[PDB]
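Chemist: Here it is: the structure, laid out below.
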2 protein chains.
Amino acid sequence: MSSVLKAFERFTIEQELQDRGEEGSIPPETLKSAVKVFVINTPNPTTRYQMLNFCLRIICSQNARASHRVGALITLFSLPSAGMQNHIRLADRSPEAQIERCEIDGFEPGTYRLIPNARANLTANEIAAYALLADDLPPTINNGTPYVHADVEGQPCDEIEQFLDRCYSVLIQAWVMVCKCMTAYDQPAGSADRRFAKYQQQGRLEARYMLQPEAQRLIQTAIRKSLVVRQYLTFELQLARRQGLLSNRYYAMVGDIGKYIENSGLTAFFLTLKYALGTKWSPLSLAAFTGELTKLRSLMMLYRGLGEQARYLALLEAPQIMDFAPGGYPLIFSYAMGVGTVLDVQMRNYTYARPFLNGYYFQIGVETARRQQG
Amino acid sequence: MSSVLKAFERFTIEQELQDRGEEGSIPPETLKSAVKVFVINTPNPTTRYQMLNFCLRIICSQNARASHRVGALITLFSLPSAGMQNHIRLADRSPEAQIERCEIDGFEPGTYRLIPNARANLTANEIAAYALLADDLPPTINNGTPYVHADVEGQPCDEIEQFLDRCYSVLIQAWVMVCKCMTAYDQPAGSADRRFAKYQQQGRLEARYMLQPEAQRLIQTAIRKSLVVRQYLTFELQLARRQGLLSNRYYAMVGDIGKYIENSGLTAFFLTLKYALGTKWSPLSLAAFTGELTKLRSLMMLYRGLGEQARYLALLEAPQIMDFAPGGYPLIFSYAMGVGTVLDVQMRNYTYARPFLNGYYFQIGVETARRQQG
RNA sequence: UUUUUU
RNA sequence: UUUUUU
RNA sequence: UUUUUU
């Protein structure tokens, strides 16, 4: 019959799209750890280099609380700001944060101790705790500094332009690790290898401030296992896609790597799109099977409806990412892999063997490709 | 099925075009090095020749700060201005700059020292620093001067018209190096060879003021690794495409070389356009594969939407350049190369062998071409 | 009534 | 749940 | 990421 099929499609579409909710939903007000973020009123470049080393060590430290690592990351990714108050008021949106502003006047010389402002609210004890924290690197980190070349922490900085080189090499390493932070981990990544090669050859990444592979993996894990940091990263990426061609050097790098971050972890979805709705002959083989096809169509409507942040799924780990799973269309997925295994050799390195991979439809993908070619 | 394919196309288009943001986006206010640019109130041609040699040496110097090289380049490319204040207020737009105007009254005779104005704010110490900086050429630069013929720095200039010849030969060499500054480097470039031959034979380039190959490579690198300079270059090119046929000699040369600068580094994109959407028979072979085709169509919409500056991608290194990468359509790219390898012998010198180059589709390009011909 | 998979 | 490439 | 030609 026919009208049954039409009602079937309309039902699929509605049941998928109904998970939209309201965009301005203020979720339940849960427990939120108090975070202390460091703000520097006037642009003291030596203070900022000190703070960058401070926070990189905090994050690299092992005996640090999660709120400590979060204050560290939110201060670190917010150092290039001119007026840092109104740039931390950007993370202020995030519901899972109750940050308090720490008005830093400087560092006690030669040591990691802090020098608070007058209006700021700080006691010496927490300062000493921070100090004893800021020097606790794991034993695998060689030479007691996160960088590969130990002298870098010792290099003095009083000119804004050198601090900018240092800060930006640091942050580009950070974002490059964020790229595969939720997906590929505990593994030396050829992908991050190549992204680092590219950003060196582009002169944005300076081997003068390269970080050791283990410190890279460490900051990757440390940013993954926090959330307010990733909400702030998404705030930043959505600012960096809002600027025109005229931009800072920072936001430019931000967007350049965001072009790699976006659409993270939805690989099976997009590969199915590519090797079934891209190759003009897939319904030529899978024409009977409209369930998966309307499934995918619903998924695309959902994607576009989700908003601009739809690309930051695996980053924000919002619930919706479960939808696009390849379980919702295993036959078309098996065919898409059976195609990609011959229309690409690079894809043969994908974890495409799934529990629900149809063997015969993968075989049909293979044979269709080999007939297209042979 | 069909409606799946239609939704697929619409989704591709939207996901590509949504990266537009807002044209007037004022990015995050990051750290910006203070730049001192030299302004000459009244048209003193001897002062301007002195300043041109001053800045060319500064840029060629090795022990100079980045803010120094930036002040140098922004003064150099802004010497032909009549009222230099309101021509530096053009670079004033750029967010990554906080330039301060240096009201120069002249040079102390026989030396590189500067003579400030009354209202200007300058101390002797920075003047001496500038002086000791302005004479620090690398050892590979022969004869202690950037030019090939040493006497040129010694040639006195009091008449505007000679200063103009010198200045403009300098600047045309600069722009010719800018042409392949982000793309092809650390290599003697036959392209810059031919552009220099052309601009000599056109009488715009004067072998009297030719610069040595190594000094060329040096200024190329020095302009690449700065950004505010490239934002100012783009300001200039967008002024030079706004004048009619009636123009100065300067802006005319500017635009003439901009016709080579524009659409920089997007070569794979345009070659795919040329050898797949140019040759009227490519869908004749690749008709099934509509994914890449709608991909390209989205790319073109994005290009046109980006604005007039869309041609200055690799120059401005704005984030968007990542989009047009040949990774987003490897099969059509392999076919386009398999075609261009027979419909052109010049293209055989392109770095077309990519990791994701399909061998069989390159082979199909080759065979289709050889059947068209044979 | 329920019962596989994600 | 994730996993190739840019 | 880039890479031929004008």
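Just remember, in the structure tokens the first chain shown is A, the second B, etc., residues are 1-based per chain, and ligands are 1-based in the order shown.
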What residues in chain B lie within 6 Å of chain E, counting only C-alpha atoms (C1' of nucleotides), written as a list in words?
Modeler: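 Listing them in order of chain and number gives residues 183, 346, 347, 349, 350 and 351 of chain B.
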Chemist: Find the spatial neighbours of residue 174 in chain A, counting only C-alpha atoms (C1' of nucleotides), within a cut-off of 12 Å - ignore same-chain residues fewer than 2 positions away - and output them as a PyMOL selection string.
Modeler: chain A and resi 56+59+73+76-77+167-172+176-181+192+195-196+205+209-213+215-224+233+253-254+257
Chemist: As a list in words, please: all residues of range 20-70 of chain B that backbone DSSP puts in strand (DSSP E or B).
Modeler: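 Filtering range 20-70 of chain B to strand (DSSP E or B) leaves residues 36, 37, 38, 39 and 40 of chain B.
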Chemist: Residues of the last selection are to be written out with C-alpha atoms, as an mmCIF file, in the first residue's frame.
Modeler:
data_model
loop_
_atom_site.group_PDB
_atom_site.id
_atom_site.type_symbol
_atom_site.label_atom_id
_atom_site.label_comp_id
_atom_site.auth_asym_id
_atom_site.auth_seq_id
_atom_site.Cartn_x
_atom_site.Cartn_y
_atom_site.Cartn_z
ATOM 1 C CA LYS B 36 55.699 53.522 15.858
ATOM 2 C CA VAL B 37 55.194 54.705 12.275
ATOM 3 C CA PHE B 38 57.138 57.629 10.819
ATOM 4 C CA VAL B 39 55.184 60.531 9.319
ATOM 5 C CA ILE B 40 56.723 63.376 7.303
#
Chemist: Give one line per residue of chain A that approaches chain B to at most 8 Å, naming the two atoms of the closest pair and their distance in Å to one decimal, counting only C-alpha atoms; sort by chain then ascending residue number and deliver it as JSON lines.
Modeler:
{"residue": "A:80", "atom": "CA", "partner": "B:30", "partner_atom": "CA", "distance": 4.6}
{"residue": "A:81", "atom": "CA", "partner": "B:30", "partner_atom": "CA", "distance": 4.6}
{"residue": "A:82", "atom": "CA", "partner": "B:30", "partner_atom": "CA", "distance": 5.4}
{"residue": "A:83", "atom": "CA", "partner": "B:29", "partner_atom": "CA", "distance": 7.8}
{"residue": "A:159", "atom": "CA", "partner": "B:33", "partner_atom": "CA", "distance": 8.0}
{"residue": "A:160", "atom": "CA", "partner": "B:33", "partner_atom": "CA", "distance": 5.7}
{"residue": "A:161", "atom": "CA", "partner": "B:33", "partner_atom": "CA", "distance": 5.4}
{"residue": "A:164", "atom": "CA", "partner": "B:31", "partner_atom": "CA", "distance": 6.9}
{"residue": "A:202", "atom": "CA", "partner": "B:182", "partner_atom": "CA", "distance": 8.0}
{"residue": "A:203", "atom": "CA", "partner": "B:225", "partner_atom": "CA", "distance": 6.8}
{"residue": "A:239", "atom": "CA", "partner": "B:27", "partner_atom": "CA", "distance": 7.2}
{"residue": "A:240", "atom": "CA", "partner": "B:27", "partner_atom": "CA", "distance": 7.2}
{"residue": "A:241", "atom": "CA", "partner": "B:21", "partner_atom": "CA", "distance": 5.7}
{"residue": "A:242", "atom": "CA", "partner": "B:21", "partner_atom": "CA", "distance": 3.9}
{"residue": "A:243", "atom": "CA", "partner": "B:25", "partner_atom": "CA", "distance": 4.3}
{"residue": "A:244", "atom": "CA", "partner": "B:23", "partner_atom": "CA", "distance": 5.0}
{"residue": "A:245", "atom": "CA", "partner": "B:318", "partner_atom": "CA", "distance": 5.3}
{"residue": "A:246", "atom": "CA", "partner": "B:94", "partner_atom": "CA", "distance": 7.3}
{"residue": "A:247", "atom": "CA", "partner": "B:27", "partner_atom": "CA", "distance": 6.0}
{"residue": "A:248", "atom": "CA", "partner": "B:96", "partner_atom": "CA", "distance": 5.5}
{"residue": "A:249", "atom": "CA", "partner": "B:227", "partner_atom": "CA", "distance": 7.2}
{"residue": "A:250", "atom": "CA", "partner": "B:30", "partner_atom": "CA", "distance": 7.3}
{"residue": "A:251", "atom": "CA", "partner": "B:27", "partner_atom": "CA", "distance": 7.0}
{"residue": "A:252", "atom": "CA", "partner": "B:319", "partner_atom": "CA", "distance": 5.6}
{"residue": "A:253", "atom": "CA", "partner": "B:319", "partner_atom": "CA", "distance": 7.1}
{"residue": "A:255", "atom": "CA", "partner": "B:319", "partner_atom": "CA", "distance": 5.2}
{"residue": "A:256", "atom": "CA", "partner": "B:319", "partner_atom": "CA", "distance": 4.4}
{"residue": "A:259", "atom": "CA", "partner": "B:322", "partner_atom": "CA", "distance": 6.7}
{"residue": "A:273", "atom": "CA", "partner": "B:8", "partner_atom": "CA", "distance": 7.7}
{"residue": "A:274", "atom": "CA", "partner": "B:291", "partner_atom": "CA", "distance": 6.6}
{"residue": "A:277", "atom": "CA", "partner": "B:5", "partner_atom": "CA", "distance": 6.1}
{"residue": "A:278", "atom": "CA", "partner": "B:291", "partner_atom": "CA", "distance": 4.0}
{"residue": "A:279", "atom": "CA", "partner": "B:289", "partner_atom": "CA", "distance": 4.6}
{"residue": "A:280", "atom": "CA", "partner": "B:288", "partner_atom": "CA", "distance": 3.9}
{"residue": "A:281", "atom": "CA", "partner": "B:288", "partner_atom": "CA", "distance": 6.1}
{"residue": "A:283", "atom": "CA", "partner": "B:1", "partner_atom": "CA", "distance": 6.0}
{"residue": "A:287", "atom": "CA", "partner": "B:1", "partner_atom": "CA", "distance": 6.2}
{"residue": "A:290", "atom": "CA", "partner": "B:1", "partner_atom": "CA", "distance": 7.2}
{"residue": "A:293", "atom": "CA", "partner": "B:4", "partner_atom": "CA", "distance": 6.2}
{"residue": "A:294", "atom": "CA", "partner": "B:4", "partner_atom": "CA", "distance": 6.7}
{"residue": "A:296", "atom": "CA", "partner": "B:4", "partner_atom": "CA", "distance": 7.6}
{"residue": "A:297", "atom": "CA", "partner": "B:4", "partner_atom": "CA", "distance": 5.7}
{"residue": "A:300", "atom": "CA", "partner": "B:11", "partner_atom": "CA", "distance": 6.6}
{"residue": "A:301", "atom": "CA", "partner": "B:11", "partner_atom": "CA", "distance": 7.8}
{"residue": "A:304", "atom": "CA", "partner": "B:11", "partner_atom": "CA", "distance": 7.2}
{"residue": "A:308", "atom": "CA", "partner": "B:18", "partner_atom": "CA", "distance": 7.7}
{"residue": "A:343", "atom": "CA", "partner": "B:358", "partner_atom": "CA", "distance": 7.8}
{"residue": "A:344", "atom": "CA", "partner": "B:358", "partner_atom": "CA", "distance": 7.3}
{"residue": "A:346", "atom": "CA", "partner": "B:356", "partner_atom": "CA", "distance": 7.2}
{"residue": "A:373", "atom": "CA", "partner": "B:360", "partner_atom": "CA", "distance": 7.6}
Chemist: Got a sec to tell me which of range 73-297 of chain B DSSP assigns to alpha helix (DSSP H), as a PyMOL selection string?
Modeler: chain B and resi 73-76+84-91+124-133+151-154+160-179+190-201+213-224+228-240+249-261+267-272+283-286+290-297
